[PDB]
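Every chain is numbered from 1 and lettered A, B, ... according to where its sequence line falls, protein lines coming before strand lines.
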Amino acid sequence: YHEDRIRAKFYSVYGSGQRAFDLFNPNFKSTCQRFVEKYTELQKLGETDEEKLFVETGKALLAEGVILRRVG
Amino acid sequence: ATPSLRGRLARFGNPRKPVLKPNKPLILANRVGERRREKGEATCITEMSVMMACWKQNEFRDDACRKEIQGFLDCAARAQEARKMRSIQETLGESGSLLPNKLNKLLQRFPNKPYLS
Amino acid sequence: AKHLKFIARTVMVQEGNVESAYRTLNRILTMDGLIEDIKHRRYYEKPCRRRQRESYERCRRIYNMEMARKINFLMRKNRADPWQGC
Amino acid sequence: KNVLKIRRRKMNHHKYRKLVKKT
Amino acid sequence: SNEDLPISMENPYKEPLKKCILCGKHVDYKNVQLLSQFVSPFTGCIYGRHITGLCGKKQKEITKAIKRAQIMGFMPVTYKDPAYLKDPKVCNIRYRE
Amino acid sequence: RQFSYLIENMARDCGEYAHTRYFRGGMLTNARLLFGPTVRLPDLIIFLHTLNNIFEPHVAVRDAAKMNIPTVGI
Amino acid sequence: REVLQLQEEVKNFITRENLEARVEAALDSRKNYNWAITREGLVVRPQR
Amino acid sequence: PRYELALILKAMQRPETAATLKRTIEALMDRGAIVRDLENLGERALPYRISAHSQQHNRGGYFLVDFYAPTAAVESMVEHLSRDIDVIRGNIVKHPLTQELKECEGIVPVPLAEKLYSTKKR
Amino acid sequence: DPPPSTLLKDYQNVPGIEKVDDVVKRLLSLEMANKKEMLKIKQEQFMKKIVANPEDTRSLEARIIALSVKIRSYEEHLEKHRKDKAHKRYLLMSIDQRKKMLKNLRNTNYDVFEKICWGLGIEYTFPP
Amino acid sequence: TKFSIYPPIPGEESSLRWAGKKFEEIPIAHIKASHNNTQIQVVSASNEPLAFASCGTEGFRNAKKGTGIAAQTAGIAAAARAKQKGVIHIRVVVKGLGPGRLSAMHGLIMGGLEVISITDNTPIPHXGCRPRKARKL
RNA sequence: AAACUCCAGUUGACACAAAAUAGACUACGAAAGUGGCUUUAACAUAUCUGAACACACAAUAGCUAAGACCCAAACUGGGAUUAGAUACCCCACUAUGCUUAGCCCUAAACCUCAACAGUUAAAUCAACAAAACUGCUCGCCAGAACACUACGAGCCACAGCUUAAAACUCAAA
Ligand code: FES
Ligand SMILES: [K+]
Ligand SMILES: [K+]
Ligand SMILES: [K+]
Ligand SMILES: [Mg+2]
Ligand SMILES: [Mg+2]
Ligand SMILES: [Mg+2]
Ligand SMILES: [Mg+2]
Ligand SMILES: [Mg+2]
Ligand SMILES: [Mg+2]
Ligand SMILES: [Mg+2]
Ligand SMILES: [Mg+2]
Ligand SMILES: [Mg+2]
Ligand SMILES: [Mg+2]
Ligand SMILES: [Mg+2]
Ligand SMILES: [Mg+2]
Ligand SMILES: [Mg+2]
Ligand SMILES: [Mg+2]
Ligand SMILES: [Mg+2]
Ligand SMILES: [Mg+2]
Ligand SMILES: [Mg+2]
Ligand SMILES: [Mg+2]
């Protein structure tokens with residue numbers, strides 16, 4: 001899926017979220033999926049650059065109180 | 001890592017000469033070999049030579065070789081009990097790796113499948 | 001002959017333990033293949049015979065390493081039967 | 001395969017070389 | 001048609017290929033310190049790639065460099081130069097129990 | 001074997017039959033000798049698992065076709 | 001671009017004029033080609 | 001082409017070593033070589049005892065001479081080094097910096113070979 | 001053979017190569033290169049002398065010229081290495097391949113076939 | 001300091017001593033373990049012969065020379081003559097995979113000598129002379 | 001047992017011989033072959049197929065001539081074994097293995113699987129071996145044995161090689 005490129009980059013930058021997946025809940029949303037949704041919203045607002053659209057998404061989540069610890 | 005088998009055998013499509021000429025097909029059997037019976041080392045042979053050394057210098061008189069004879073006797077008894085325990089522990093407990101019989105039962109449940117079903 | 005002496009194949013003895021030092025030396029010569037090399041050189045192995053031996057030893061390594069990989073892969077399954085009676 | 005066909009040729013050749021040497 | 005159908009593309013999660021410790025570095029026959037890291041301390045024997053962890057290309061370059069350095073008077077043959085015994089151990093082999 | 005107990009109870013509850021055990025040679029193709037000349041064979045066989053425990057097709061799949069018994073199978 | 005680079009390098013080549021001066025300058029310097037590799041792929045230059 | 005002369009000289013004092021290097025560099029120029037640089041690798045103990053010109057050597061001075069020369073100059077220079085009594089051992093190799101190292105993408109894994117035997121039942 | 005002072009085929013058309021130091025001209029000449037660089041110069045001379053388009057290398061004419069240069073290099077090699085059976089094979093095969101090329105050129109473009117024979121000094125012969 | 005199985009390199013400053021002598025000054029016991037015999041020679045660091053013994057010089061003959069007990073007896077004989085000349089510590093250099101390879105070293109220890117290092121010098125040609133043909137048994 | 005005892009061990013000096021480890025790599029070459037180091041030259045062909053004989057090659061053994069000689073080693077001699085032992089085992093030593101210049105032209109020279117192009121679906125397929133096939137071309141084969149033979153012919157080959165039958169015989173091989 002198109003969002004797989006966003007997930008591959010998120011896992012490479014921020015690693016697997018210390019929050020544990022709950023695959024029993026059919027509506028579970030991980031930190032990566034919450035990142036993918038914000039990334040998708042900003043892309044529909046006109047932004048097309050990749051490197052720029054990825055840095056703005058991280059800021060939006062930090063403003064919402066999400067923990068994003070860069071792996072390196 | 002297992003050495004490669006690509007282009008090693010004489011086959012159609014493989015241009016080069018064969019690298020390997022296995023006299024048996026390289027296909028895993030559903031069993032392993034039986035562990036060979038091993039020959040242990042002699043025990044107390046050091047104390048045996050010390051005893052037989054005093055005999056040569058004391059005309060084979062046991063009265064002068066008591067400490068050497070006793071040492072060779074105590075060692076033989078200790079080596080006897082240890083030999084008695086080595087069987088109870090190593091033969092039955094299967095310490096470390098499994099025995100062939102037990103390992104073959106495990107392979108029976110996951111046999112190699114060189115054919116289609 | 002032209003090299004320095006007491007560097008190659010030399011092991012120091014610790015606390016008078018000569019047996020352990022000899023076993024260490026023998027283990028070194030074995031792992032580096034010198035022992036088997038010396039034995040195979042007592043008589044001349046003809047080239048066709050050496051090629052056959054190398055092929056046999058290489059096929060044995062491939063088979064033994066694949067059997068070992070399957071044993072380690074299945075060893076976890078040696079636990080107790082979880083559905084005893086069914 | 002056995003080597004019975006080779007063995008027949010082997011003896012033929014041996015006896016021929018020996019005949020040539022003798023004469 | 002449908003937006004939720006899969007799309008054809010290359011594996012985005014694909015991990016980069018692994019590289020040997022010498023990938024991208026020049027192997028010179030004069031760099032005896034580097035070459036000494038791939039020979040036995042006791043016999044001077046060259047280690048196979050299953051011990052050195054080198055790829056095929058670098059296992060060959062190291063081998064050729066050692067043979068050149070040995071006969072040109074830069075490197076001993078029957079042992080590892082004792083001056084290099086305290087270098088980083090990059091080979092997978094242990095002689096002591 | 002993880003579901004043997006579940007399947008045997010389901011069969012007993014719906015009023016049908018279950019065979020989750022080791023399948024002996026000829027239960028279907030030699031039934032008149034194993035059960036009797038008047039034994040009635042199943043009209044339908046439902047495989048909840050079509051493989052045996054060495055990851056081969058259950059022998060009953062072949063033998064059901066030999067005896068012309070329709071089979072449902074996951 | 002290769003002819004330009006080569007034209008600057010030739011200025012530092014040895015000739016029969018500066019041979020005696022370049023030999024003495026070599027006897028005073030030291031060139032070290034030794035370096036070790038780590039399990040992480042990092043070069044460890046020699047302690048000099 | 002571009003070559004590299006690995007030169008092991010007899011352990012001598014500075015004056016005799018300078019006279020040997022000059023005499024060697026001139027031998028290259030007399031054969032049409034364009035000498036590029038001279039590097040001193042320092043005096044050290046030889047990896048093994050070397051016998052050269054009816055003498056046994058345990059130490060030597062290591063020097064490198066980077067130079068260009070026609071292909072026909074190598075054979076003639078090798079013959080010259082064999083007669084110089086102050087040279088323990090001298091080898092001429094193609095300069096390693098001329099050989100451009102190709103790029104490497106990494107290690108491509110090798111999968112277990114398949115279909116080496118027909119799938120008939122044995 | 002071209003003079004040793006001839007520049008390599010790669011550095012012959014760089015602007016300002018005639019105003020560089022004499023040392024730089026030696027390092028870019030045939031004198032400081034292997035024999036294969038000299039053969040590329042010979043091949044270029046024959047092209048401009050014979051073929052109509054010296055830039056077309058896939059024509060049957062360019063191939064006959066390229067192979068004729070290889071044939072001459074094998075003959076020079078064997079003059080010094082008379083027991084080199086491998087290169088003796090490469091020579092005889094190359095001569096056979098050129099004869100097959102000449103046969104195909106003689107059948108398709110005779111005017112070009114005559115210029116090739118004159119330019120390269122080849123005496124065409126019919127097989128027995 | 002942790003124990004080092006690598007021998008001390010001559011020229012470097014090592015703290016190891018044996019009766020006040022450095023590693024380079026310890027006498028050497030050369031053991032030649034052949035398939036049919038064992039020869040032991042003790043020499044000084046300056047290559048001065050100090051003692052010699054073999055299974056043959058100790059009264060063994062024919063197949064009895066190629067045994068471990070014969071090599072042990074030769075080791076005791078060489079140690080006895082070497083100990084009289086003031087030898088205590090020795091460096092063992094053994095060549096050959098004969099039956100008296102390890103037994104010869106035991107005899108040296110039983111004779112009163114202390115082995116501080118063991119060195120193998122079994123000749124291995126790196127390509128050399130063609131050995132004799134294989135046996136038909 | 002014979003053999004050696006100007007023998008053996010350490011140390012030093014010291015090859016016209018052979019090329020540990022790397023190589024668990026699978027590369028190069030038409031094949032035969034090719035795994036110590038350096039340098040020079042250098043690995044045909046922009047359709048494919050195309051030869052017992054043309055053309056050029058071709059392991060080992062062998063021949064001719066001149067050299068080298070560590071080690072190995074047909075033959076031969078000695079020791080032992082055995083009913084015998086022209087063998088197997090031990091020792092010694094030669095032709096030979098090496099170099100140079102010419103020959104000889106053979107191999108289970110077999111990965112016993114011809115070159116080129118294409119396929120994995122149908123009937124998948126006697127057996128075994130290394131799954132089954134298609135197009136196209138050249139080479140070759142037609143019961144066994146006689147027969148890697150006889151004769152003829154060619155060949156630097158003269159107890160050789162290549163090509164290669166028939167009669168008598170059997171109902172199998
Ligand atoms: S993986 Fe790149 S050189 Fe080894
Ligand atoms: K070698
Ligand atoms: K043939
Ligand atoms: K074969
Ligand atoms: Mg077989
Ligand atoms: Mg058989
Ligand atoms: Mg017959
Ligand atoms: Mg090997
Ligand atoms: Mg053709
Ligand atoms: Mg024909
Ligand atoms: Mg023929
Ligand atoms: Mg031949
Ligand atoms: Mg010959
Ligand atoms: Mg001999
Ligand atoms: Mg001879
Ligand atoms: Mg030679
Ligand atoms: Mg062959
Ligand atoms: Mg063909
Ligand atoms: Mg017939
Ligand atoms: Mg024949
Ligand atoms: Mg004939
Ligand atoms: Mg005739």
For K:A131, take OP1 and OP2 only and decide whether either is under 4.0 Å from a side-chain N or O of H:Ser118.
-> yes

Could you run down nucleotides 45-66 of chain K 5' to 3' and tag each one B, S or - for protein heavy-atom contact under 4.0 Å?
-> SBS--B-----SS---------

Would one find a side-chain N or O of I:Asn34 under 4.0 angstrom from OP1 or OP2 of K:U40?
-> no

So which nucleotide does K:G102 pair with, by the Watson-Crick or G-U wobble rule with both distances under 3.5 Å?
-> K:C63

Does the side chain of I:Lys83 get closer than 4.0 angstrom to OP1 or OP2 of K:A101 through an N or O atom?
-> yes

Salt-bridged, C:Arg50 to C:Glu54, with N to O below 4.0 Å?
-> yes

K:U39 phosphate, OP1 or OP2: any side-chain N/O from I:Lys35 under 4.0 angstrom?
-> no

Does the side chain of B:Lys17 get closer than 4.0 angstrom to OP1 or OP2 of K:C110 through an N or O atom?
-> no

Would you indicate what I:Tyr74 reaches in the nucleic acid, counting non-hydrogen atoms under 4.0 angstrom: base, sugar-phosphate, or nothing?
-> sugar-phosphate

Are side-chain N/O atoms of J:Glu48 and J:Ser46 paired as donor and acceptor at under 3.5 Å?
-> no

H:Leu28 has an atom CG; how far is it from atom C1' of K:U39, in whole Å?
-> 14 Å

Provide the Watson-Crick or G-U wobble partner of K:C133, both distances under 3.5 Å; none if there is no partner.
-> K:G118

Which of these nucleotides, K:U10, K:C111, K:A24, is closest to any side-chain atom of C:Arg58?
-> K:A24

Flag, side chain of E:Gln59 to backbone of E:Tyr47, donor-acceptor distance under 3.5 Å = yes

Under 4.0 Å protein heavy-atom contacts per nucleotide of nucleotides 150-168 of chain K, with B for base, S for backbone only and - for none = S--------BS--------

Does K:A15 carry a north or a south sugar when the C1'-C2'-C3'-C4' torsion is used to decide?
-> south

Is there a side-chain polar atom (N or O) of E:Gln70 under 4.0 Å from OP1 or OP2 of K:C37?
-> no

Are any of J:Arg132's side-chain N or O atoms less than 4.0 Å away from OP1 or OP2 of K:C90?
-> yes

Send over the distance from E:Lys64 NZ to K:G23 P, rounded to a whole Å.
-> 13 Å

Short side-chain N/O contact to K:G12 OP1/OP2 from H:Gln56, under 4.0 Å = no

In whole Å, what separates the P atom of K:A107 from that of K:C161?
-> 10 Å

